[PDB]
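Q: opening with a subset of the complex:
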Amino acid sequence: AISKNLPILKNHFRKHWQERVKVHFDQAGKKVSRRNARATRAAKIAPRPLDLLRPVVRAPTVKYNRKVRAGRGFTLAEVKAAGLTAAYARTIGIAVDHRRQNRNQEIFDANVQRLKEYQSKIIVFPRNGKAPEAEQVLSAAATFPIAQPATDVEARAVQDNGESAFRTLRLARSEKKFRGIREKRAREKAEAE
Amino acid sequence: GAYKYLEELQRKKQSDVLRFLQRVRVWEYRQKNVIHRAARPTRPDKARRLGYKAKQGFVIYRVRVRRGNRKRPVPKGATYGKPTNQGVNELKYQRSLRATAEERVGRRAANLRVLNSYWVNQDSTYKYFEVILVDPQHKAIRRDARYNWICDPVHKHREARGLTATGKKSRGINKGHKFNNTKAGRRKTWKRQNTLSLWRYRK
């Protein structure tokens, strides 16, 4: 059970792992049926891509707020900023994420740019039938890449205000820290009897 | 409106005509029979907004259901095992008693497809319920995709599965971290979260 220096290993195999198993022997296979759907989809879909219009939306957390992410649909605030309605914009080829909203104007911009380049490039035909075919471009998302909203510059001049930045955090943290107890003493000298 | 007068009404089941329905329908139940068929809605505000429509191919199943628990089958006071389980009359019933009724009228006439039941009278020996029946045979519902979906053999014995109100409820499957243990179909996520699946060039 335990003899000679080795790491204490937790290997969850006390049950019937030897019953509910699945080595992907269908890796290359289901991977090929994948590329097949692509071409079978096309024959049907006529000149419309394997995916529709997806946005540039920054990612959450203290770890992913660093760079943007391939967003979901498209809010109706960014929908009318383009010039059309959702019950008609989706029937075109643009996603509509109505449960979500936009709280920043800097990114709302990079996202309203994605709605202009895409719409000015959509040769749409009515219920005519003749429809002057103009082929199509493989993937819709791989055709309008990550325009990573302004990374700013990478070469400026020196600027020193002498705050240390290290104490601007030793105190920035002391700010949110004694907020409640420094208001405790500020509660006494708050009410004048 | 009118129906919303009864929407707020079918809320204060505590006095006058409401507390008076306690001393009237309690005996109405213990009178007709136990598991039976009715005619028109008893509470139009509920049924309707929950799925009732006054048109052909429409019937109702008012049913008497017993309360309490489900004492572990095992004869006398024998459980054949370790105490972790032992207990008998002190045993739950993971599915709601409400399902008990549906699953009965539901399989008395499986020619129909169970839409949903509604509560109306709790006592001591029982807890009563009623049912809104969608008929996958009369052209009255078989001419309206407003609720046409019901007739399809993919809806075979609705109630006895969990596609009703009490259903998604009595499945533990709802959106949110309140259900991370099973936000997926019970054994789907179970088999999944334990299954050891390996690659081609094992990483």
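A: Received, thanks. Residues are numbered from 1 along each chain as shown, chains lettered A, B, ... in the order given.

Q: packing partners of the biggest strand by length in chain B?
A: What stands out as the longest strand in chain B, according to DSSP state E, is strand B:113-122. Strand B:113-122 sits against helix B:22-32, helix B:44-50, helix B:97-105, strand B:127-134, helix B:165-169, with contacts defined as 3 or more CB pairs under 8 Å, 6 or more residues apart in numbering or on different chains; DSSP states H and E. In this view, the C-beta of every residue, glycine as well, is placed from N, C-alpha and C.

Q: would you mind saying which of these lies nearest chain A?
A: Nearest of the helices and strands packed on strand B:113-122 to chain A, taken as CB to the nearest CB: helix B:165-169 at 19.9 Å.

Q: dump the helices and strands packed on strand B:113-122 to JSON lines, plus mean neighbour count.
A: Converted to JSON lines, those look like this (neighbours: other CB atoms under 10 Å in any protein chain shown):
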{"stretch": "helix B:22-32", "mean neighbour count": "13"}
{"stretch": "helix B:44-50", "mean neighbour count": "17"}
{"stretch": "helix B:97-105", "mean neighbour count": "22"}
{"stretch": "strand B:127-134", "mean neighbour count": "22"}
{"stretch": "helix B:165-169", "mean neighbour count": "17"}
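
Q: ok, and for stretch A:142-161, which residues are buried?
A: Under the neighbour-count criterion of 16 or more other CB atoms under 10 Å in any protein chain shown, stretch A:142-161 has A:144, A:149 buried.

Q: endpoint to endpoint, it covers what distance?
A: 44 Å (CA to CA, to the nearest Å).

Q: please compute how far it lies from its chain's middle.
A: Offset of stretch A:142-161 from its chain centre (CA atoms, centre = their mean, to the nearest Å): 19 Å.

Q: residues contacting that stretch, please?
A: A:49, A:53, A:56, A:58, A:67-68, A:70, A:106-107, A:109-110, A:113-114, A:117-118, A:137 (CB atoms under 8 Å, 6 or more residues apart in numbering or on different chains).

Q: what residues does chain B put near chain A?
A: Residues of chain B lying near chain A by CB under 8 Å from any CB of the partner chain: B:191, B:194-200.

Q: stretch B:5-21 spans what distance, first to last residue?
A: Span of stretch B:5-21 from end to end, CA to CA: 17 Å.

Q: include this sequence as chain C:
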Amino acid sequence: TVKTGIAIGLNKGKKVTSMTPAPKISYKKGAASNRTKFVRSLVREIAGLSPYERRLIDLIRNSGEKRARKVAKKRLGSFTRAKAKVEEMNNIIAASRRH
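A: Just below you will find chain C, in place on the chains above:
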């Protein structure tokens, strides 16, 4: 709201330009109505205070509101949701029969 720029503090982020949304009625979910208040008030007339209402109203006019606060506390469970039930009866007391 606005941030400070500092990576921590009252706001550990970026002072990047905010913006305003549309009237999401999913922030308006708490709505009443001339059709509903008509009914909610017409309710206290078609049925009015029930057995539980008579019971607790006499609990305030007993030893106070703190006492009637632990009665509706033994009916709903939310000490705070109970404070709601308290002032609602004083609305049946003062507002209806008091003036």
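
Q: the helices in chain C, which residues?
A: C:36-46, C:51-63, C:65-69, C:79-90 (DSSP state H).

Q: which positions in chain C make contact with chain B?
A: When proximity is defined by CB under 8 Å from any CB, chain C lies next to chain B at C:35-36, C:39-40, C:42-43, C:46-52.

Q: same thing but at 7 Å, please
A: C:35-36, C:39-40, C:43, C:47, C:50-52 (CB under 7 Å from any CB of the partner chain).

Q: hang on, the earlier thing: quick one: closest of the helices of chain C to residue B:95.
A: For residue B:95, the closest of these is helix C:79-90, at 29.7 Å, according to CB to CB.

Q: now tell me what touches that closest one from outside.
A: Residues from elsewhere that reach helix C:79-90 (CB atoms under 7 Å, 6 or more residues apart in numbering or on different chains): C:56-57, C:60, C:65, C:68-69, C:72-73, C:76.

Q: switch the cut-off to 8 Å
A: C:53, C:56-57, C:60, C:65, C:68-69, C:72-73, C:75-76.

Q: go on, stretch B:21-38?
A: The contact list for stretch B:21-38, computed with CB under 8 Å, 6+ apart, reads B:13, B:42, B:59-64, B:101, B:104-105, B:108, B:120-121, B:123, B:126, B:128, B:130.

Q: got a ChimeraX select line for the buried ones in those residues?
A: To isolate the buried members of the contacts of stretch B:21-38 in ChimeraX, using 16+ other CB under 10 Å:
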select /B:13,42,59,60,61,62,63,64,101,104,105,120,121,126,128,130
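
Q: closest to chain B out of the residues of chain C next to chain B?
A: Among the residues of chain C next to chain B, and counting by CB to the nearest CB, the member closest to chain B is residue C:50, at 3.3 Å.

Q: residue contacts, the closest one?
A: B:12, B:14-15, B:18-19.

Q: one more: residue A:139?
A: Per CB under 8 Å, 6+ apart, neighbours of residue A:139: A:49-51.

Q: which members of those are classed as buried?
A: A:49-50.

Q: chain C contacts on chain B?
A: Checking chain B against chain C by CB under 8 Å from any CB, the hits are B:1, B:4-5, B:8-9, B:12, B:14-19.

Q: put chain D on too:
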Amino acid sequence: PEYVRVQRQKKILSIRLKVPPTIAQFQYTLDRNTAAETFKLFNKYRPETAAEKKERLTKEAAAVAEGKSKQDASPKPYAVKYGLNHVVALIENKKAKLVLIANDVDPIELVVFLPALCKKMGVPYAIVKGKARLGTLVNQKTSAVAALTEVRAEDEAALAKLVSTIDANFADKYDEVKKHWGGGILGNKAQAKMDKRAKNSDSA
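A: Okay, here's chain D dropped in alongside the others:
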């Protein structure tokens, strides 16, 4: 058999039991006089149906698609009115000019808001007995939820006559049965024999 058993105890077991102020106001139904003229006067008010709907498409066949008649062609409907949600919302905005409250309705629950309505929205009503006799002169079934917001200038005379009769003999006796708890009427068994008990042990 079992169908007379359950139905007889149904309303008669409801009489031993003390009926709430929401009920009891019943039995206090329409007097035999109102029924007489409310049948001879409402026999001139019958809504569109059968030959009436057919005679409508022939008159617009010589008007609408003839001398271009915009929505209007024949005289606006002047008879009796119907509708649960129709006559229900009618009183909620004074639109009603006559109220006839639903006597029966197995579920007296969807007609509970009819009475307290005319209350804080004053409108003359009379709980009339005949959800069937109502359906006969309205060519419907058993609804008893009738309305009359207008009439002709040859019959509106006897209208205001019974308008005050129903109002006083029903609407003004209502503000009275507000604190009234009816029911509790026993039968000959526990009654005449209940006399032999209290009459042979008290002041005899």
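
Q: the contacts of helix C:79-90 again please, this time with chain D.
A: The contact list for helix C:79-90 (CB under 8 Å, 6+ apart) reads C:53, C:56-57, C:60, C:65, C:68-69, C:72-73, C:75-76.

Q: buried sites along that helix?
A: Neighbour counts over helix C:79-90 (16+ other CB under 10 Å) mark C:82, C:85-86, C:89 as buried.

Q: could you export it as PDB, CA atoms only?
A: Extracted as PDB, the C-alpha positions of helix C:79-90 are listed here (Å, rounded to 0.1, in the frame of the first residue of the first chain):
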ATOM      1  CA  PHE C  79     -37.400  38.400   8.900                       C
ATOM      2  CA  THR C  80     -37.200  41.100   6.200                       C
ATOM      3  CA  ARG C  81     -40.100  39.800   4.100                       C
ATOM      4  CA  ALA C  82     -42.100  39.900   7.400                       C
ATOM      5  CA  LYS C  83     -41.400  43.700   7.900                       C
ATOM      6  CA  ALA C  84     -43.300  44.000   4.600                       C
ATOM      7  CA  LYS C  85     -46.300  42.100   6.000                       C
ATOM      8  CA  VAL C  86     -46.200  44.400   9.100                       C
ATOM      9  CA  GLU C  87     -46.600  47.900   7.400                       C
ATOM     10  CA  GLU C  88     -49.200  46.400   5.000                       C
ATOM     11  CA  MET C  89     -51.700  45.800   7.900                       C
ATOM     12  CA  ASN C  90     -51.000  49.300   9.400                       C
END
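
Q: could you check the angle helix C:51-63 makes with it?
A: 90 degrees (axes from the mean of the first three to the mean of the last three CA atoms, to 10 degrees).

Q: helix C:79-90: how far from the chain's middle?
A: For helix C:79-90, the distance to the chain centre is 8 Å (CA atoms, centre = their mean).

Q: swap in stretch A:147-165?
A: How far stretch A:147-165 lies from its chain's middle: 25 Å, per CA atoms, centre = their mean.

Q: please apply the same query to stretch D:195-204.
A: Here stretch D:195-204 is found 44 Å from its chain centre; the criterion is CA atoms, centre = their mean.

Q: how about the strands in chain D?
A: Taking DSSP E to define them, one finds strands in chain D at D:81-82, D:99-100, D:146-147.

Q: mind listing what residue D:6 touches?
A: Counted by CB under 8 Å, 6+ apart, residue D:6 has contacts B:28, B:31-32.
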